[PDB]
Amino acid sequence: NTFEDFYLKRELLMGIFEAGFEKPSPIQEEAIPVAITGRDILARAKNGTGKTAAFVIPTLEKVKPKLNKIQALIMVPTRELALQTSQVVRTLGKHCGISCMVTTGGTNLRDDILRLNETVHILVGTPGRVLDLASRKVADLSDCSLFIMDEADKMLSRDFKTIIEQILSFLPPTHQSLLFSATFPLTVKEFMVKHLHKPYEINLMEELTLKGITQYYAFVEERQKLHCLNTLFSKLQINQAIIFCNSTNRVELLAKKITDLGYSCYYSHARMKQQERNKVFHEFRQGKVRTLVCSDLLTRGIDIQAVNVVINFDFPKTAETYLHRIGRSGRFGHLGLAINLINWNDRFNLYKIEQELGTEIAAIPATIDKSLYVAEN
């Protein structure tokens, strides 16, 4: 339940806890052990899920302060992401005795060259600039056995992909590569096959499945939504449930209302600090409460096994969002229930999402068969 579990350097744990980090995000929890193993990683990651610390923590663990060489290279497409990355490195690694340098475009090349006169353990930078410094022989990447790409798709388009390959020529032939990307077009997939060794893959499916999820809709007006939900919860045999709303404020308001009715729940939304969201994920997965009200998931689709009922309190506008809410990546035998609260204004999107996803969302029956969503799990 804590970063202490990962058996990390005392000094690294100090920086983690002093930075207000406590419980890892799903991507951090999965990626950290894998990176410590020495595996290559290819990970679909979205923003606001703590992907930066997922690679920075293993980097700080592996890097040896006593060796006066660049041991990790973190590639990023923009200066803004370089600065966000170095902030995490210097915060989490406050007590580690490790030195980080940023090198990007839109800065004085001269100042980066003289900085390299002094010790750099972790180099964070953009393709053009990093290649520039490597080719001039100012940045010595001969011991740089850890290679990281953050937003790999942006740096693996046709006008950047050759630059990345040229940078890899300066690394030791044997290196670990951790790549994180939101999308996986042809050029990205080609690079991965060529330049990763049997990578551990996180969330790479591409299209979530609705198989085993029986989907219904209850026609309601806005004022009925709470009472419809209340009625359903009194009748359904819920293990755990997740309820989606379309705004962070509606998340909070609904959570308050059901709490007042006496339902055990947490809420989680995108305006919360990352670390507060991680806390909810862990305690909800532990089964400390029955219900999670949220605006979205930290994970890609629900992967809490005990959730057998999912409610769209507000119906989404697009098929993409519907699928991300109701679809899943693994456990293909799983059976669950999804109920959509549909007002008059959702009528078009209802038909549109059914069509685009090639799925059925039938009118909710008076009684729902338990075989559709209750197992001996």
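Counting begins at 1, following the sequence as shown.
> Higher mean Cα B-factor in the deposited model: 75-83 or 112-120?
Mean CA B-factor is higher for 112-120.
> Please work out which of 298-306 and 241-249 has the higher mean CA B-factor as recorded in the PDB entry.
Of 241-249 and 298-306, the stretch with the higher C-alpha B-factor average is 298-306.
> At the C-alpha atoms, which of 267, 180, 217, 160 reaches the highest B-factor in this entry?
In this record, 160 carries the highest C-alpha B-factor of the candidates.
> Kindly indicate the residue among 58, 38, 26, 65 with the greatest C-alpha B-factor in the PDB record.
65 has the highest C-alpha B-factor of those listed.
> Name the third of the chain's ranked CA B-factors that contains residue 198, choosing lowest, middle or highest.
Residue 198: CA B-factor falls in the middle third of its chain.
> Place residue 236 in the lowest, middle or highest third of its chain's C-alpha B-factors, as listed in the PDB entry.
Residue 236: CA B-factor falls in the middle third of its chain.
> If you rank the chain by CA B-factor, which third does residue 51 end up in: lowest, middle or highest?
It belongs to the middle third of the chain when residues are ordered by C-alpha B-factor.
> Lowest, middle or highest third: which one holds residue 137 when the chain's residues are ordered by CA B-factor from the entry?
Residue 137: CA B-factor falls in the highest third of its chain.
> Thinking about Cα B factors across the chain, which third does residue 107 belong to?
Highest third, going by the recorded CA B-factors of the chain.
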